[PDB]
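Below is one structure, written out as C-alpha cells; comments come after it.
Values below: every heavy atom of this structure, side chains too, minus hydrogens, waters and symmetry copies. In what follows, chains are A, B, ... by sequence order, proteins preceding strands, each numbered from 1.
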Amino acid sequence: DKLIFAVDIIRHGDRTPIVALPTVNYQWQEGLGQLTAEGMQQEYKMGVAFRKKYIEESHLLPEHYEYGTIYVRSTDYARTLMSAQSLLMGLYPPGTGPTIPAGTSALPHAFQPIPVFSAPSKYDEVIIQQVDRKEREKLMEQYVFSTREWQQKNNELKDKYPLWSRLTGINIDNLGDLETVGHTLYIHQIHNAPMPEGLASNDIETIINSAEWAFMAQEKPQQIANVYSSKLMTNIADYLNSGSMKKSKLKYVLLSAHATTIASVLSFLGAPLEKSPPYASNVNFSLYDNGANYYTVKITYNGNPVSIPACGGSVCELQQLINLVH
Amino acid sequence: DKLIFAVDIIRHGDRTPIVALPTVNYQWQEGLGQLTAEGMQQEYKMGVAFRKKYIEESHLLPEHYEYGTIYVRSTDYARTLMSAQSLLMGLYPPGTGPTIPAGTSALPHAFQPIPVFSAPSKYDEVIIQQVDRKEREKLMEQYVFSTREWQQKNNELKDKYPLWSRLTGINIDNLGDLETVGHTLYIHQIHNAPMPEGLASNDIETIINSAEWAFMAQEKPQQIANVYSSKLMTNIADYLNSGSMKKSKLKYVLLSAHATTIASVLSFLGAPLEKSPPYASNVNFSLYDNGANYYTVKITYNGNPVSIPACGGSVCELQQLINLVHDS
Ligand SMILES: Nc1ncnc2c1ncn2[C@@H]1O[C@H](COP(=O)(O)O)[C@@H](O)[C@H]1O
Ligand SMILES: Nc1ncnc2c1ncn2[C@@H]1O[C@H](COP(=O)(O)O)[C@@H](O)[C@H]1O
C-alpha cells in the first residue's frame with residue numbers, strides 16, 4: 001500500500017479572543033483574533049510531523065520544496081495565513097531553502113518561501129460557503145434551537161443570563177449569545193488573563209463548557225454540514241480523484257481552515273464531534289494505491305481513525321467517498 | 001516635516017519565462033513564471049533597504065512586528081506571494097520574531113511570520129481590475145493598434161515573423177505575439193540559457209527591445225491606465241487619506257504587484273514609462289505632515305522623483321492627489 005496523495009484540513013494555532021470583555025481592561029499584545037507565539041510553535045511542530053510522515057517515511061513529497069507538488073490555500077484571516085506559514089516552515093524548514101549559483105543561501109538560514117493562496121470569504125471557491133444571515137437562522141431554528149438538548153441547556157441557565165450580562169458586560173438573552181462569551185473566557189484561562197470581577201470560579205467552567213457544547217450542537221446536524229462543507233468536500237473529493245490518476249505533479253493540498261471547518265467536515269462525514277477541535281487540529285485524507293487499482297482513502301482526525309457510517313469505518317473506497325459527497 | 005504613512009508597490013524578483021521556447025532543450029527547475037533564488041535574494045535586499053528607511057532612520061514602524069501597523073497584499077501568483085514573504089524577511093528579519101514563555105524562539109531562528117492577504121484577479125477589490133480579453137481588444141484597437149508608431153514598428157518587423165516563428169517555435173503573427181517571445185529571450189540572456197540555433201544576435205536584440213517597446217506602448221495611453229489602475233489608485237488615495245486622520249495604528253501598505261502594475265500606475269498619473277520596470281522595482285507614496293494640518297504626498301519610482309503634471313512635480317498635496325484619482 002503506497003501513499004500517492006494527501007489533503008490536510010488544519011486549524012490555526014493558539015489565538016487571542018475575537019472580542020474584548022467590556023468589564024476587563026486587558027490589552028491583548030498580539031491584537032484580537034491573532035496567532036500567539038505558542039500558536040506559531042503548535043503549527044511548526046505539526047509541520048515537522050507532516051515532514052516525517054510525507055517526506056522521511058513515505059517519500060510522497062521530495063526533501064526540498066518543488067513546483068507543482070503541493071497546493072496551500074488559507075482563509076482570509078491573519079491567523080490562518082500565519083498558521084500556514086509557521087506549519088510550512090516545519091514541513092520545509094531552514095537548511096532546505098534554495099541557494100544562488102555562487103552556492104550561498106538565497107535567504108538567511110536558507111528559509112524556503114512557499115506561496116499561501118487565499119480568497120475573501122464571499123469569493124472563496126475552495127473552503128468557505130457564504131450563507132446569508134437570515135438563512136443560517138432558518139437552518140439553526142430548524143435543526144438545532146429546535147432540539148430537546150439545546151432547550152434543556154438553555155433552561156438550566158435561563159436565569160443567570162441577568163447576573164452574567166452585568167458581570168460579563170456583553171448582554172445574554174439565549175445560549176447562542178453565551179457561546180461567544182465562554183470561548184473568550186476559555187482563552188482568558190489559557191493565558192492567565194483577568195476574569196470579569198465578581199464572576200464565580202464555578203460559573204466560569206459553566207459558561208466555558210456551555211459555550212463549547214452549544215458551538216458543537218450547531219455543527220452536529222448533517223443537513224447543516226451539507227450546506228456549509230459541500231463545496232470544500234466536492235473539492236477534496238476532486239483533488240483525491242485527480243491524485244488517483246497519477247499523471248499530475250500534485251500530491252498534497254494543505255487547507256488553512258479553523259475549528260468550524262473541521263467540525264463541519266466530520267459532521268458532514270456522519271461523525272460529528274462531541275468535543276471542540278483543539279488548536280493545531282487536522283482532519284487528514286490519505287489516498288492509498290494497493291498496486292491493483294483499488295484506491296482507498298483513510299480519514300483521520302488528530303491521528304485517530306474517523307468512523308464514516310457510509311464506509312463502515314475509517315477506510316473508504318475512492319468512489320465510495322465521491323458517492324457520499326454526491 | 002514628518003513621515004506618517006507610506007505605500008510601496010513592488011515588482012517581484014527575477015523569474016523563469018512564462019513560455020519555454022520549444023526549439024531549446026532547456027528545462028527551468030523552478031517551473032514556468034516562478035521566482036528564482038536570485039529573485040528571492042533581490043526581494044530580501046529591498047526588505048533590508050525598507051527596514052533601514054521605515055524602522056532605523058524613520059520610526060514610521062516599530063523594531064519588532066506589531067499588530068495593525070502593516071497591511072501586505074499580493075496578486076494571485078507564487079512569484080508575488082514568495083516575493084512578499086522574502087521582502088518581509090528583510091523588513092522583519094530572523095532574530096526579531098516572537099518567543100514563548102519558556103523563552104526559546106517560537107519558530108526556528110526567531111522567524112517573524114507576517115500575513116500576505118490575497119484574492120484571485122476576478123475577486124480582487126484592492127490591486128487587480130479584471131478585464132475580459134474581449135474588452136482589452138477594444139482598448140488596444142482604439143488607443144494603441146490605431147497609433148502610427150505601433151503600425152510603423154509592426155511593418156518594420158513583420159517580414160521576419162515567419163523565420164522567427166520557426167526558429168523560436170512560437171507562432172508570431174503581429175507585434176504583440178513578439179512581446180512574449182522577446183521577454184523569454186531576455187530571460188534566457190540573464191540566466192545564460194541557450195538560444196535557438198541560427199537566430200542572429202542582431203535579431204535576438206531587436207526582438208527583445210521591440211518586445212519591451214510594445215509592452216510599454218500598451219501601458220502608455222492614460223485612458224488604458226484609467227481602466228486598470230482606478231480601483232488600485234482609489235485604494236492608495238484612501239489608505240493615504242486614513243493616514244492623515246492619524247486615528248489608526250496603520251502606517252504601511254505593501255502591494256506585491258508586477259511590471260504592469262508599476263507601468264500602469266505611473267501612466268495613470270501622467271508619467272508613463274519608456275522602459276519596463278526592472279525586477280524588485282517599486283513605486284512609493286510617502287505621506288508627510290507639515291505639522292499644521294497640511295499633508296503632502298511624495299511619489300518616487302526606484303527612489304527617483306516621478307513628475308506628475310497635475311501636481312507640477314514629484315510632490316502632490318494630499319487632496320490634490322485624491323482629486324487627480326477621482327478625476328478618472
Ligand atoms: N472552544 C470553543 N468554544 C466555543 N466556541 C468555539 C470554540 N472554538 C471555536 N469556537 C467557535 O469557532 C469560531 C471560529 O473558531 P477559530 O477561527 O478556529 O478560532 C469562534 O468564533 C467560535 O464561535
Ligand atoms: N522586458 C520585457 N519585455 C516584454 N514584456 C515584458 C518585459 N517586462 C515585463 N513584461 C510584461 O509584463 C508581464 C508580466 O510582468 P511580471 O509579472 O512583472 O513579469 C509579462 O508577461 C510581459 O508581458
Paired with A/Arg73, the side-chain hydrogen bond (donor to acceptor under 3.5 Å, both in side chains) test is passed by just one of A/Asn235, A/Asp124, A/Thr80, namely A/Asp124

By a 4.5 Å heavy-atom criterion (distance strictly below it), what part of [X] contacts chain A: side chain, backbone, both, or neither?
X	answer
B/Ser83	neither
B/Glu30	backbone
B/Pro108	both
B/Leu35	neither
B/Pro101	side chain
B/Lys122	side chain

**Report entry** Check: B/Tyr54 ring centre within less than 6.0 Å of B/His59 ring centre
**Finding:** no

query: For the ring pair A/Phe117 and A/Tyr71, is the centre-to-centre distance below 6.0 Å?
result: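 Yes, they do, as the ring centres are separated by less than 6.0 Å.
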
_Measuring only between side-chain heavy atoms, which start at C-beta, is B/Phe5 closer than 4.5 Å to B/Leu250?_
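Answer yes - side chains close enough.
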
Interface check, chain A: of B/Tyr65, B/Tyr123, B/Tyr77, B/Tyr44, most non-hydrogen pairs under 4.5 Å belong to B/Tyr123

Of the listed residues (B/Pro94, B/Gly90, B/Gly97), which shares the most heavy-atom pairs with chain A below a 4.5 Å separation?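 Answer, by heavy-atom pair count under 4.5 Å with chain A: B/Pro94.
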
Going by an N to O cut-off under 4.0 Å, is there a salt bridge joining B/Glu125 and B/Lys231?
no

Nearest heavy-atom contact between A/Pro22 and A/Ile170 is CD-CG2, 3.2 Å

